[PDB]
Each structure stands twice: as C-alpha cells, then as structure tokens.
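Engineer: The structure is given below, and queries will be raised subsequently.
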Amino acid sequence: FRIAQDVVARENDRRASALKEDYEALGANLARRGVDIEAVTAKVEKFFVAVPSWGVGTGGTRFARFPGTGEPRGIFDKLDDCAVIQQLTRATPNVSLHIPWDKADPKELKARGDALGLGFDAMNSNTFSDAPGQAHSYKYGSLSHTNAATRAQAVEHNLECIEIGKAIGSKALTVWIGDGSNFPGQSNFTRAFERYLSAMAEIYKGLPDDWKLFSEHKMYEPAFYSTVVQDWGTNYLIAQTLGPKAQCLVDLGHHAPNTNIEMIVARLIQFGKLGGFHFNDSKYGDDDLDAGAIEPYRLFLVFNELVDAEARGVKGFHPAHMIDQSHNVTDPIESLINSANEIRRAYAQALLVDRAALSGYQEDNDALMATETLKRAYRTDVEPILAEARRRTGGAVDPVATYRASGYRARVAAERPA
Amino acid sequence: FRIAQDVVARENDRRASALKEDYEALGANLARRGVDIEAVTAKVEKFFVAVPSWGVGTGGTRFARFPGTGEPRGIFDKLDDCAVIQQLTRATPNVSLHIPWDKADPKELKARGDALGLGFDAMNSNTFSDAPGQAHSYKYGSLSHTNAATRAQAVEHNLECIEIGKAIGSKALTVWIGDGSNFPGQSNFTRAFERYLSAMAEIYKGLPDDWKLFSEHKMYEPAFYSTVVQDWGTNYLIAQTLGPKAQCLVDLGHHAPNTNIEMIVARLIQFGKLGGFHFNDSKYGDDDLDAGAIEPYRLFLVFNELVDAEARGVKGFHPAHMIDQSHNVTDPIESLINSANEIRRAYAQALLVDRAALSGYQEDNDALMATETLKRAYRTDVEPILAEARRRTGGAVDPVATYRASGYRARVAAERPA
Amino acid sequence: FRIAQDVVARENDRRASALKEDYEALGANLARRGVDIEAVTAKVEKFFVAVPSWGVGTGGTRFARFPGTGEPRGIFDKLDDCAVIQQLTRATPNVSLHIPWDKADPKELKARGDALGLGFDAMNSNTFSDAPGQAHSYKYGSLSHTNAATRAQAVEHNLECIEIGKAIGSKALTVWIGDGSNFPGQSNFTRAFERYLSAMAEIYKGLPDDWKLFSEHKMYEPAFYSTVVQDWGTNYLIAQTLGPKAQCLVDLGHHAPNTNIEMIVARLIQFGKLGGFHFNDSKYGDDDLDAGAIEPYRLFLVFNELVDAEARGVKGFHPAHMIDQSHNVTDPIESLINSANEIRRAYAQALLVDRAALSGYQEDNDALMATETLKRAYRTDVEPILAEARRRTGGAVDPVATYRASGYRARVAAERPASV
Amino acid sequence: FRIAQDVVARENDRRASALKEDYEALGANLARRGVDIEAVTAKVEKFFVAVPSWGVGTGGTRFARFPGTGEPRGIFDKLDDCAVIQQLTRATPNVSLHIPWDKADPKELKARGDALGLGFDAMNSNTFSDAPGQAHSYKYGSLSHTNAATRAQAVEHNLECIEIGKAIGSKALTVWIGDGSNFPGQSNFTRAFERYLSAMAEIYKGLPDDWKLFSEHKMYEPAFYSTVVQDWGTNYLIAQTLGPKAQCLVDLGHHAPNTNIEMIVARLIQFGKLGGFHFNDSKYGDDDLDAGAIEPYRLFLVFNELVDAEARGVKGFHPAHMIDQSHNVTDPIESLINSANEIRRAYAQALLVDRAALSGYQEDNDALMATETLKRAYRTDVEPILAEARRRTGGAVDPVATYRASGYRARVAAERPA
Ligand SMILES: [Mn+2]
Ligand SMILES: [Mn+2]
Ligand SMILES: [Mn+2]
Ligand SMILES: [Mn+2]
Ligand SMILES: [Mn+2]
Ligand SMILES: [Mn+2]
Ligand SMILES: [Mn+2]
Ligand SMILES: [Mn+2]
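Protein chains in written order, with the deposited numbering: chain D, 4 to 421; chain B, 4 to 421; chain A, 4 to 423; chain C, 4 to 421.
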C-alpha cells in the first residue's frame, strides 16, 4: 500500500465522530425528503472515473513548466502515484495511458497494475507531437495530413495503441488530434475531413468488437483558425459514419464560450453517440483545471443529463468517464484526488433530484419550480455521503488530509531525482 | 417604377466616364492576372439574394424603437419599398414574406409583386409571438410545447404558410422558432427535441414535391438558457431525420463567439444540407447589422466556400440566400441596398481566387502562400464590377447616391403619416 | 398586509418541525467549524437588496412579450407587489424607481411607500427611449449626442430625477444609457466620451451633499458596435473624473464572455469607486435572468470579494445592492422572491469562509487548500439560516410556497384590467 | 547584405512593369479623390514597427513545437534573420530584445546591429519562467509573489534589463508577467495587485529621464482563473499610479471575446497612456497569428484611431509599435515580412480616410455614409504604394518572392545545426 494503512486508520478515526454526526443528520434530512441515504451511498461507491497517467506529473504552458518535488519519471512511477489516488478516494480504479509517453512492456504494465489494484481505461494515441526517430512529421496534420505516407504512419500508430491496450486490459481508443489550420485557405475544409474519415475507417477496421473508438472534438488549440474535428456536430458525423462501435467523447473545456454543454450531452445520448467524458473545469479556453473548481453547477447539470438518461431507461448506456486535466500549480495527486471527489459530488447530487416532481413542473411549464427542483438537489451538501463511501470502501474520510499526513510527497521526493 | 427612370439615367450618365475609367483599369489588372473581367461581371449580374419584407421597416431593441420618416405599414407599403432596392441594385428580385405580419389576399399580393418586378422567396412562419385571438399562447414554446393542442396550432399555422406560398409562387418554408428555456430544468432537452421533430414531420407532409423546408438554428434569444434548435449540429440531425426536402439555414449572427462559420457552411455542403445562408454582420450577439459592416473578410471566407462548391460542382447545392437584418439607426432601404452590394462584393472577390494555385499551396502545406492567394482576391476592389453589373441590368451605378437624389424617402414620408 | 398573516403563520407552522431539525443540525456542524450560526443569521436578516419597480411586471424581448395575469397597471400597483416580496422575504425593504415610467406625485409615492413599509433606493433616469413631447429624440444618443440641445435635454431629465428622489427619500441617481454606435465610423469614440463627461459633470453638480451618482457600464445592447460606457475601465475614468460622489455600478450581465467579474469588483473597491451592484444571472449576454439560476458560484465569488473588503478593514464601504432582472417566463413576484433569496444565500456562504485559514493558504501559496477553503463555505446549505431569518423578521419560511397558498396572483388578476 | 543585392534587383525588375501600371492606376484613382499618392507613399516609407528577436524562431504550443530548418540559435543568429526582414520590407529597422534569452555583451550587440542596419527597441524582461541557478522560482508569481525575496529578485532582473537597454540604445522596458491564479481563493486580488504596484514603483525608479515603462495586460494564460494585469482598466490604474513615464501596451490578442479593441486604443490615447500597440491577429484567444490574417478590418480600425489622433492634433503622441507573434507553421521570416506589410497596409488605408467628410457624417449622424467613408479607404488596394515604397527604399517589390528566390533559408540551414 502506497499509503500506510495505520495512517489511513488514524486519520479516519480522528474524523469519524464528526462524520457520523453529519451523515446521520443528512440521512434524517433525506428521509424527510423521501430519499434513502443508504441507496445513494451505495451508488456513489460504484461510480468510477479514470485518471490520466499524464496528469500525475506537473503540467505546464507554452510559457513555462514549474515542476514540484518527487516528479514521477515514466509510467511506472506514475502508476505508483495513481495508486495513491485510488487508495484514498476509491473512485479511480482505472488509469488512462498515453502512447508513446507510457510505452513499456505490456506484461509489466499489467503486472504493476494488478499489484497496485489498478486497471486500465481507454488508450490514448499521440499524433499531435513528433517522437524521436519518427519518419514523417505531424507539423501539418496526421490522420488528415495531405501526404499519404504521413496518414499511413498515423493510422499504424493508432493500431499499435490498440495492440498495447488489448494486452493490458484496455477496452477503447481515444483519438484526439490537433489537425487543422492557422490560416484561412491553408486547408480545404472538406478535403481535410474526407482524409480524416478515410484514415479513421482504417483504424475502425482494426477495432475489436469489445472496444469503442472515441473521437474527441475541440474548437481550437493547437490549430488557431480551423480544426478538423472542431465541434460535436462534426464529431457526430464521424461517429455515425464510422460505425456502431464509434462514439463521441465530450471534453468540458473544448467548447466555444457560453456553449450549453449539457445539451450537447443530451443530444449525443438521444442518438446513441455519447462515448464518454473528459472532466475538467475552465473559465477562458481549454484551461484543464480541477473539475468543478470554476463552475460546479455546470458539472452538476451535465450529470443531471446522465442520471436522467438512466431514469428514462436508455439501453446500452455505459459512457466512459475520465479526468483530463493539467496541474500546473498544485500537487498533481491532491488535485486529482479532489477532482475525483467533485465528480462524485455532482453525480450524488444528480441522484437526489426528484425526477417525478421535475417531470410534473416541466409538463406544466412551471419554470421556477422546475429549476428549484434541480437546486434542491444541487444545494444539498453530499460530502458526508462521499466521505462515508470512502470510509466503508477502504479510503480516507478526508483524502488530502490523509495524503499530507502520510508524507508521501516527501517520500517519493527522496526516492526520485530532483 | 418607384424611382423615376430619368433620375437613374441622369445619375448614371454623370458617372459614366468615371466608371468606364475604373472598369478598364481593373480589367487590365485582372487581365495581367489571367482573369477575364467580363466573365466575373456576367456572374455578378446573376447573383441574387432575397430581401425580407420586414427589413424595410426601422428595427429596434427591447429598450426602444426610433422610427424614421415614411415608415412602411403593411405588406403593400413594404413591397413598394422593396421594389426600390431591386430597381437600384438589381440583386434582390425576390421578397421573403412573414405570416401573419404580411397576411393579405394572395391574388392581390401576387398582382402587386408582378407590377413591381418582384417575386416571392421562402415563406416565414411566426410561432415566436402571439397573434390576437390566438387559442394557445407560445409563451412556453410552439412546435416543441408540452401541450399537444399548442403544437397542433403551430403545425396548422405552418401549413397555412405553405398554402399562402403556393398561391404566390413561393417554393419553400423557413422555420425559426424561439422555443427553449430560460432556466435549467425548465425543459427536458431530449423530450422537447422529440416533440419538435414530431411536429416538423407533420409540416414536412404538407410539402409540395418541389418545395423545401428550412430549419434555422440559433444559440440564444429569446431563450436565454437553452434553445431546442441551438446550433448546426442539432440542425443537421433535424434535416437528416425529416427527409430530402428538409435543409439547414445558416444565419451568420446566430453562432457562439469565435465560431468558425465558414467551416459549418462547408460541412453542410459536403452532406447536402445547406439550404441557404442568411446574411448580416455582428460583433457581439445576433446584432443583425448590415452585411460586411463589421467583418468583411469573414463574409468573403464564407463566399470562398460557396464559390468553391459552386465551381467544383457539389451535389444538392442550390442555396436560397436571404438578407436578415435589423436597421435601427439608418434608412432601411439604404442599408439593404449597401448590404446587398456588400454580398455581391464578397461573391465577386471569391470569384477571383486562383483555385488551381490555392489547391497547389494546400497540397504542399504552404500555409503562407495559401492565405496570400485568398488575400490577393480579397484585397481587390471590385466596386467597378458591381457598378457596371448594375448599369448593364437597369440599376444605378451608385445606388445610395441615386436613392438620395430621387428624394424617395421624402416622397413616402409625405404619403405615410408618422 | 398584502398577504394575510394567518396564511403566513399556517405555512410557517407546517414547516416549523423540518426547519428546526435542519437549522439545529446545521448549527452543530458550524459549531464544529468554529462558527456561531446565530451570528450568521443575525447578519443575514440585516442584508437588504432593492427591488426594481420595472421588474414586477412581465418582461419581454424584441421578438415578443407574453404577459401573465394581474399585470400591474402603474407604479402604485407595482409598489403593492413589491410589498409582497418584502413581507415574505423581509430582504427587500427598498424599491428602485425609474423615471418617467414611474412618474407620479412624489408626495403620493412617498405616502404609498410609507403605508406599505417600503423605502426608496437609487433613482433611475431614462434617456434610452423617447417619452411623449420631447423636443429632441435620443435615437442617436442622449448625454453624448452630437447635438448640444439634445444633451441639455438629457441633463435636465436627470436633474428632474434627482428632484423626484429628494422628495421621496432616495439618496442616489443611477445613470445607464444606450449611447454608442452600430457602425464603425458612425461615432468618434473620443469626442462622444468627451461630450458624455461634460454632460455628466452638470448632473453631478446637481447632487445634494449626501447623494451619490452611479454610472453603469455595458458592453453592448442597444448599441451593437461600440458603447460610450462600455466597460469598467471607462466607468472608472468617469467616476474618477466626476468626483467623490461619483461611483461605478457593476451589473453582472454587462461584461464580455468569460470576464472575471469578481476581480472587477475588487479593483473598484480598492480605488473607492464601487458604487453598487445590479444583481441578475446570465449565460449568453445581458440575459437578466434570476440571480444565481445559472452560475451560483460566480455570485458567491462576487460576495466573497464584498466580505473580504470588510475583512481587510475597508472604511466607509456601503455599496448599494439592487436586483435588475427581466422575468419573461415566470411570475415576476416569485422570481424576485427567489432571486432575493439566492442573493442572501451567496452572502451567507461568503460569511462562512474561514478568513483566517484562507489568509494562511494565500501567503504560503497553497492553492488547493485555498480554493477548498472557499468551497467548504460555498458547499454549505444555508437555506435553514435564510428561512430562520425570515421567520424571526415576520417573513415566510418558504416564501414562494406561501405566496402560492395566499392566492395573491389570482386576486390581483381579478382586480387589474388586462391591456387591450 | 543578408540578401544579395543582385537578387533584389532582378526580382524587382521582373515585376517593375506591372507595378508601374498598378501604381499609376491607383495614383489616378486617388487624384480623383483629392489625394496625392506621392504624399501617401512618402508617409508609408516612414512607418516602422519593431520586430521581436524571439519571433524569428519557430514557435510552438504546450502540445508541441515543430521547428523548421536553420533555426536561429542565440541573439546573433536572430539579428541576422531580422536584418533580412528589414532589408526586404524596410519597415522593421528596430529589434526588441528579451532578457535573459538575448543576454550578451552590449558592445557586441550594438556593433552587430549597426552592421546589419538595425537599431533596438524596448527591452523585454522575463519573470514568467525560471532560469538555471535562479534563487527563487516564479511558479506562484514574480513582481506580485507573496515572498518578498522573490519580488526583489524580479525587480533586480527588470533593473538589469534597463541597464542593458541603456547600453545598446533602447529607451523603454516592457513588462509582461504571467502573475495570477488558477483557482478561486488562491490569490487575494487586491493584495496581489498592491504587491505588484509596489514592485513596479521600484522598477520605475530605475528609469532614465527619457525612458518609458510599459505594462502589458492579458486576460488569461498562463493564469487560468485570474491575472493581476488582466485588462486595460487595471493597466490604466497601473500607469496612472506609477507616473508620467509609465504607459500601457495593448496587445491585440489579449482581450476578451468580442472586445472593441479600437475603443480601448482611443481611450488610452485620450488619457495619454497609450504606450504602444503589439500587433498580431487571432480568432479564439491569444493565438499570436500573423497580423491581419484573420480580421484585416479590425486592424484597419485600430489604425483609424491612431491616424485620427494625429488628425485631432494630440500632443506628445509617439506610440511604440511592435509585432508580437508566434510562427508555428510557416517560415518565421516570411510571416514577419507579410505581417509588417499588412501593418503598413492598414496604416496606408487609414491615411486615405477623408477626415473632413467623416466628421461631417458623424456630426449629422449619417451612420451609413460615415461607415462607407471608412470603407472607401479600406476597400482601396494600396499594395502598389507598399511595393513602390519598398522599391524606392532598397526593399523588394515582392518581399517573400525575393526571399524565396535568394535561397536564404537553405543557406542558414547549412550554417546552423539541426
Ligand atoms: Mn480531453
Ligand atoms: Mn483538451
Ligand atoms: Mn435568419
Ligand atoms: Mn439574427
Ligand atoms: Mn442594470
Ligand atoms: Mn442590463
Ligand atoms: Mn505582447
Ligand atoms: Mn499574445
């Protein structure tokens, strides 16, 4: 165990009394509202979100990167750190890998994962940067590059990601590329998209039937004029064109200012193309900040659509959940811990919505009560439920407090080169 | 003739020598660039854009409306004013009607149009406002309203618009509604969209074999939280679901901040669902300003996509263009005149792009020369072409100057009581 | 009383048990956090926000207006409705008037206000629309219009607003105009601003010693290319130029997409130019939606800056608080009630922030714990505190539910003629 | 001469005939508008904009950097490339240095500059990144950092920049920092600003009597929640607080979506705090794209304000203009060349505005004719003037064409490492 069990027990005992008081109080409040707190905690204990291997190390901007102490070197150190997040929150049993950054012996990866109590989520291909010894540069694109050999190289790389994923237990390939243009006229919009579609079709041919192929849209960056997979509309066309196993991945920070993202989620669900989510928060662009740190209500509204879907009985609805963030000014482990917590927080609150009451207010066009019905759920402080779920499943009542009391950061700082 | 022919002749002849000088100078320049000015002028003469009947009246905001003199009241006054725009620019032969604002005896409407030299473009339904004696209010929606009777009333109204259009020569119905919500939870996104699709399917059934049904997306306003037909993504789902006769209308000012609109145009063209483009300009929201008055280059880039499709062929490409603006601080006739001019200006410049050279630079990923190739066309002052095209077709060399010299505004001001 | 006391009493009794349980539970939780819930409730029950007279009637857009039943006939009906909001929430004792919309004999306005237990907040001038009989139109501007006589007309109107306010107990004038341009070149940015500053100085000259002049910036609408008072930068230049009695009014929905509004608030406070707030919520533009219905955290963050001002010891800081919203698809009274509630909600949460802990995390650059410190306050459900504050002050535990139980809307619907 | 004079001559003679024709044609056109093309050309030959030393190297994003061949290594290589831009465009005689990147013997820099025919513009400090051996990290800020020792280090660095500038002929220091926060609560907005103002006051004390101190605002990036110097309002407070020698720098891509940037320019000029303008273009955020490649009209409108200032007779107005761009997918030298050209293009068009006619239309509130007055200037293709201006001053008629014909890139690619 990355974190000593005695430290976990000690820090849980220190806060056990208060938690009992808060949990029983919330339990009584919920019972008065016709909700069984135990039913909610039971569901919360089953909600999982994948952590990004590339998010365990300190992130940076084009201006600078300010690493902290004990930075993980390689995927093995990263898995060790991810193990801490799972142990304390119990909400991140799976890790999402990025190739070639995390390329290593599949048997070893799988072996280390099993030892750490971690599984592997969707693989992530990388054709938005050049690796050492690469034959063709992705400077002007990859899967949609004008040069056939470059597209071929990109397709092969993606197929390799599938091979690695199959060996470790992954069940999906997420494809996000920077392909686009920085100048009007640089790219022929339609021809570029045609090349992309043809390349993805080749990747789709190599996709196992138990896998999903996720395409991720993004309005801009690295391309600053146009992007091939720029929004959910183009993304839908891609998924629909490719096949039943192809779906769209929605990253919260990849939309134009003021976009109603939760509606995008609902539309994709209605047409069976909501592959999964990339959680994070933002205020200006693709800021990649800790989930819920900027607009917690928006996060709740997205989950409201997810919970409504299940309520409406949508079949085969098992969207993938992943955190896609960059931690530039905090301890990556702490941020991922609290981000995973915020995701479960939004989910739990969405579970509290009185669906029957809401349905009634929507049908009668009682906008005020309809919105207040959502607010009654959102305003509820579900921390006691989150903390109890962790406590009952081997985690920490207060993950960050236990993390800091363990001295893990100082430990790995002493074991890893500065 | 709304404007005395002798006035047009007079104003044109005084400027004839100057125009000839500019036309010949530009011709020599285009000749050196391997372009035949005559070929461009010929195409410009045949580019038309519909004028909205409601556009000749002074517009306003929710804060106030400041009418000018001689305001047209009713469709008859409006057609009289629209006739001026066509006579002077020769780029707006067809008018788009709005029901019930323009309700009148179909035979009278058609007779008046024929007399003024005006045809009728797409009909526009109105279920975003309540008419006197209306059985059900559209306060909470229309085609997507939760009340079955309300949706039925909206459907019948649209069918009635088709019946009126059939009687006057129209071949399409444009559907733009305000349907949406101002509060989270007020509407169930998916159910509202399902209701909308079901209602539109009924309207689709009353569509003659040679008619088209256009759905128009808008991010927000009048709904300030969510809008059923909020973007081109939803618009595409609508058109594809309804059938071959259903297409999407792209209104420039209806997109989120920083949206790459020309790409949306390309995407719709590729999948055969670009029903038409609604021209106007904007800086903040759906400002409905004179086309090209704010971002003339963006207008050119949209036309670059239209000309590429117009030239390279492309199946199902028969866009029905219309100007959709609000004139709050100018003479509506003058603004529509210059907006129509600006639209032809961007078209003309798009026709100057060296397609072969551009394609070459795109294939070689020569971004700088690709963008410069577009700029060489855009930087060209094609006013001489626009003016000569008008002169050859019965219009005015300088439309606004001629309009002012005619004293038309003062004339209608004396005929119409403020 | 607009709302029968027996109804308020009955609806309060019906919910007494649940409130006791929730309030006492919250109180114990706060105590464990070193917070005295009684101290918080005591401050909450004293937080007031002015209600707009123009907000009690149903609003609309340029596309349409869909009135409900019992729409107020004039200012007197509007005051009657504002009295309902105050009686039930006890958070809106003052009303903001708009001239000429609310023109009437000052003596009578004051008399009705006194009778209903309502006071009057800042006056609001109107030179963004033309009233009957004006010598000059405001189509191309007002205080910054190129025509000298038009600017003078606008100044005199504002001076008249001050006279009305003086007679009814108001102590400030808020100036928001639509002045700007829809086309590049239409206006000379600098000349228009110079004209505006000059005119505003004459309005300032007419201010009593104890009055304030608030200028309100807005990025766009009605002007769609440029606006004379477009942002807080220009607004600061205005207030600083006019004098000590001139301050800036920040309306939440009047900023560019993604603007960090709470920072603007902090900057204005630092330089003593934060006159007050116009509360509302939005997602796209100046949506004028119910406060907190879209981004409740942003509202909390704005209040975090207001409370921090006190924590830093800023002297003579008494910003004016007003709700400026448009209720297009709800009963205006209910939206104003819940908006006032949402404002007290954010204020209450800001009061819960452990300022001592936050200062520490800020100094040592512990960003995660610093943000979590704000969240611990924001995540707290303070509804019990709000409800108790109302109970103690003669209000309703659940304002909207009580309003609906009273049948007030159906009553005024039968009393007021629908416009024809 | 970085570029062989024989090449410049040959490439000019090859295009001299066409240029003569277009120039005379434009001259006749302008004469009819009461404008002497020679007077315009004379002023254009005198318009200069500084080039960023760091702009000649290929830029990148946080995702990747795709360097081209012959990447400059060190300030001396960079000056060699800047010389090419100045030689061919004759519009960029001054270079802006960045410390510590361009640190070198002031005597040698000056000597190399004089030899290349280049001068030096404003110095640029760097406290948005950490350098080796640095005592205190700027991870959590610099001039506004909570740690006094860190702020002192930042101050000393800026003073060092002034000393270096005093030795090479610079007359200003530009200060742009990343200081800000990524999370609500992380920073106290007021305290952070107070710390910044106090640190800047110390830097101001190191300014010679004839120097300027420029502060540059930016809405976001690297800070994603709040930025100390976030907009022009805060920037004004800074300049007004520091003193007469402190002014504001307006970088085009550093504003919120839809911001009216030209108004900000006008406001700063009115209050004497417009230190200078940083040119570039953008569509989404701080894209740092080639000037005028996305919104050429906006660039023209900014120049309309700069030219109006002269027309109004504003005293002591000597703005320090510089190009601040990132060239990620083109040859840096070619982009800077066309960007400088675009800047002169906008300036020239601004000079064509009929100020008398414009003020007349502004006074009578003739919005349509006022905007058309600006458009008459903007629609004028001034390329012949720009080209002739270059030809007469030793530059190239077609800069990029000559640059490519010279083979400079391949040349330095062989002299420099990969
Ligand atoms: Mn992602
Ligand atoms: Mn991303
Ligand atoms: Mn439209
Ligand atoms: Mn519109
Ligand atoms: Mn307001
Ligand atoms: Mn407003
Ligand atoms: Mn800059
Ligand atoms: Mn920049």
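Quick reminder that beta carbons are idealized off the backbone N, C-alpha and C, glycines included.
Which stretch, first to last residue, makes up the alpha helix (DSSP H) that contains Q137/A?
Structural biologist: Here residue 137/A corresponds to residue number 134 of the third sequence, with the count starting at 1. Neither: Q137/A is in no alpha helix (DSSP H) and is coded neither H nor E.
Engineer: Using 10 angstroms around the beta-carbon of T244/C, count the other beta-carbons present and answer buried if the total reaches 16, otherwise exposed.
Structural biologist: The sequence position of residue 244/C within the fourth sequence is 241, counting from 1. It counts as exposed.
Engineer: How would you list, in chain order, the residues of chain A whose beta-carbon sits under 8 Å from the beta-carbon of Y239/C?
Structural biologist: For the purposes of this step, residue 239/C is taken as the residue at position 236 of the fourth sequence. Per Cβ cutoff of 8 Å: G236, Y239 and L240.
Engineer: So, helix, strand or coil for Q189/C, using DSSP?
Structural biologist: If you number the fourth sequence from 1, residue 189/C lands on position 186. Correct three-state label for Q189/C: coil.
Engineer: Mind listing which residues of the segment 282–307 of chain A have their C-beta closer than 7 Å to chain D's C-betas, in chain order?
Structural biologist: Of all residues in the segment 282–307 of chain A, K286, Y287, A296, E298, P299 and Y300 have a Cβ within less than 7 Å of some Cβ in chain D.
Engineer: Below 7 Å between beta carbons is the criterion; list the residues of the segment 362–379 of chain A that meet it against any residue of chain C, in chain order.
Structural biologist: From the segment 362–379 of chain A, only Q365, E366, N368, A370, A373, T374, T376 and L377 have a Cβ closer than 7 Å to chain C.
Engineer: When we look at the beta-carbon of residue 1/A and count the other beta-carbons within 10 Å, is it buried (16 or more) or exposed?
Structural biologist: Coverage of chain A is limited to positions 4 through 423, which leaves residue 1/A absent and any answer about it impossible.
Engineer: Is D182/B near ligand 4, judged by its Cβ being under 8 Å from some heavy atom?
Structural biologist: As a position in the second sequence, residue 182/B is number 179, starting the count at 1. The answer is no for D182/B.
Engineer: Pull up the distance between the alpha-carbon of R414/D and that of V356/A, whole angstroms please.
Structural biologist: Along the first sequence, read from residue 1 onward, the residue named residue 414/D stands at position 411. Along the third sequence, read from residue 1 onward, the residue named residue 356/A stands at position 353. Going by the C-alpha atoms only, they are around 33 Å apart.
Engineer: Can you tell me where the beta strand (DSSP E) with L252/D in it begins and where it stops?
Structural biologist: To locate residue 252/D, count along the first sequence from 1; it is residue 249. Where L252/D is concerned, the enclosing beta strand (DSSP E) stretches over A249 to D254.
Engineer: Compare the Cα-Cα distances from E265/B to each of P247/B, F227/B, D291/B and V310/B and report the closest residue.
Structural biologist: Along the second sequence, read from residue 1 onward, the residue named residue 265/B stands at position 262. Minimum Cα distance to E265/B is reached at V310/B.
Engineer: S329/A: which of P70/A, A404/A and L82/A sits nearest, CA to CA?
Structural biologist: On the third sequence, residue 329/A is found 326 positions in, with the first residue counted as 1. For the residues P70/A, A404/A and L82/A, the minimum Cα distance to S329/A belongs to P70/A.
Engineer: I want to verify the contact list: residues of chain C whose CB lies under 8 Å from the CB of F131/D, in sequence order.
Structural biologist: Numbered from 1 along the first sequence, position 128 holds the residue referred to as residue 131/D. What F131/D touches in chain C: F66 and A67.
Engineer: Measuring from the CB of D84/D, is there a heavy atom of ligand 1 at a distance below 8 Å?
Structural biologist: Along the first sequence, read from residue 1 onward, the residue named residue 84/D stands at position 81. No; taking the cut-off as 8 Å, the Cβ of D84/D has no heavy atom of ligand 1 nearer than that.
Engineer: Is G256/A near ligand 6 - that is, is its Cβ less than 8 Å away from at least one heavy atom of it?
Structural biologist: As a position in the third sequence, residue 256/A is number 253, starting the count at 1. At least one heavy atom of ligand 6 is nearer than 8 Å to the Cβ of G256/A, so yes.
Engineer: On a CA-only basis, which of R379/D, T405/D and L377/D is nearest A390/D? Give me that one, please.
Structural biologist: As a first step, residue 390/D is located in the first sequence; it is residue number 387 there, counting from the start. Ranking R379/D, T405/D and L377/D by Cα distance to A390/D puts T405/D first.
Engineer: Would the beta-carbon of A392/B fall within 9 Å of that of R347/B?
Structural biologist: Taking the first residue of the second sequence as position 1, residue 392/B is located at position 389. Taking the first residue of the second sequence as position 1, residue 347/B is located at position 344. Cβ atoms of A392/B and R347/B: closer than 9 Å.
Engineer: Pull up the CB-CB distance for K221/C and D182/C, whole angstroms please, since I reckon it's below 8 Å.
Structural biologist: Residue mapping note: residue 221/C aligns to position 218 of the fourth sequence, counting from 1. Residue mapping note: residue 182/C aligns to position 179 of the fourth sequence, counting from 1. 10 Å between Cβ atoms; not a contact.
Engineer: Go ahead and pull the three-state DSSP assignment for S229/A.
Structural biologist: Within the third sequence, the letter at position 226 stands for residue 229/A. DSSP places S229/A in strand when its eight states are reduced to three.
Engineer: Go ahead and label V423/A buried or exposed: buried means 16 or more other beta carbons lie within 10 angstroms of its beta carbon, across all protein chains shown.
Structural biologist: On the third sequence, residue 423/A is found 420 positions in, with the first residue counted as 1. Under this definition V423/A is an exposed residue.
Engineer: Taking the alpha-carbon positions, what's the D9/C to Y143/D distance?
Structural biologist: Residue mapping note: residue 9/C aligns to position 6 of the fourth sequence, counting from 1. Residue mapping note: residue 143/D aligns to position 140 of the first sequence, counting from 1. Those two C-alpha atoms are separated by around 34 Å.
Engineer: Sort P75/A, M325/A, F123/A and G256/A by Cα distance to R301/A and report the nearest one.
Structural biologist: Position 298 of the third sequence, counted from the first residue, corresponds to residue 301/A. Selected option, being the one with the closest Cα: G256/A.
Engineer: What number of angstroms, rounded off, separates the C-alpha of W57/A from the C-alpha of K81/A?
Structural biologist: As a first step, residue 57/A is located in the third sequence; it is residue number 54 there, counting from the start. As a first step, residue 81/A is located in the third sequence; it is residue number 78 there, counting from the start. About 8 Å.
Engineer: For the segment 213–224 of chain C, list every residue whose C-beta sits within 8 Å of some C-beta in chain D, in sequence order.
Structural biologist: From the segment 213–224 of chain C, only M222, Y223 and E224 have a Cβ closer than 8 Å to chain D.
Engineer: Is the beta carbon of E197/D closer than 9 Å to that of residue 424/D?
Structural biologist: Here chain D has residues from 4 to 421 only, and residue 424/D is not among them.
Engineer: Report buried or exposed for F79/B, applying the criterion of at least 16 other Cβ atoms within 10 angstroms of its Cβ.
Structural biologist: By 1-based counting over the second sequence, the position of residue 79/B is 76. Burial call: exposed.
Engineer: Please state whether DSSP places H101/B in a helix, a strand or coil.
Structural biologist: Locating residue 101/B in the second sequence gives position 98, counting from the first residue. In this structure, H101/B counts as strand in the three-state DSSP scheme.
Engineer: Examine ligand 1 and report whether any of its heavy atoms sits within less than 8 Å of the Cβ of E219/B.
Structural biologist: As a working mapping, residue 219/B is identified with position 216 in the second sequence. It does not: the Cβ of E219/B is nowhere closer than 8 Å to a heavy atom of ligand 1.
Engineer: Using the Cα positions of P299/D and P187/C, report the straight-line distance between them to the nearest angstrom.
Structural biologist: Stepping through the first sequence from its first residue, residue 299/D is reached at position 296. Stepping through the fourth sequence from its first residue, residue 187/C is reached at position 184. Cα to Cα, the separation comes out at about 12 Å.
Engineer: Whose C-beta lies closer than 8 Å to the C-beta of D327/C among residues of the same chain, with five residues either side of it excluded?
Structural biologist: Here residue 327/C corresponds to residue number 324 of the fourth sequence, with the count starting at 1. Correct list, in chain order: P55, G58, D254, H281, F282, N283 and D291.
Engineer: Please list, in chain order, all residues of the same chain as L112/D whose beta carbon is under 6 Å from its beta carbon, the five residues on each side excluded.
Structural biologist: Taking the first sequence and counting its residues from 1, one reaches residue 112/D at position 109. Excluding sequence neighbours, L112/D sits near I171.
Engineer: Looking at the C-beta of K142/D, does it have a partner C-beta in chain C at a distance below 9 Å?
Structural biologist: Working through the first sequence from its first residue, we reach residue 142/D at position 139. True, the Cβ-Cβ gap to chain C drops below 9 Å.
Engineer: Which residues, in chain order, does the segment 30–48 of chain B contribute to contact with chain C at a C-beta distance below 8 Å?
Structural biologist: Going along the segment 30–48 of chain B in chain order, one finds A31, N32 and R35 with a Cβ nearer than 8 Å to chain C.
Engineer: Spell out a yes or no on whether the segment 107–125 of chain D and the segment 86–99 of chain D are touching, meaning 3 or more CB-CB pairs, one atom from each, closer than 8 Å.
Structural biologist: Touching, yes, given that three or more Cβ pairs across the two stretches are closer than 8 Å.
Engineer: Could you tell me if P387/A is buried or exposed, where buried requires 16 or more neighbouring beta carbons within 10 angstroms of its beta carbon?
Structural biologist: Against the third sequence, residue 387/A aligns to sequence position 384. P387/A should be labelled buried.
Engineer: Near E308/C, which residues of its chain fall below 6 Å by C-beta distance, leaving aside the five closest residues on each side in sequence?
Structural biologist: Sequence index remark: in the fourth sequence, residue 308/C carries index 305 (1-based). Counting only Cβ-Cβ distances below 6 Å, and skipping sequence neighbours, we find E265, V268 and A269.
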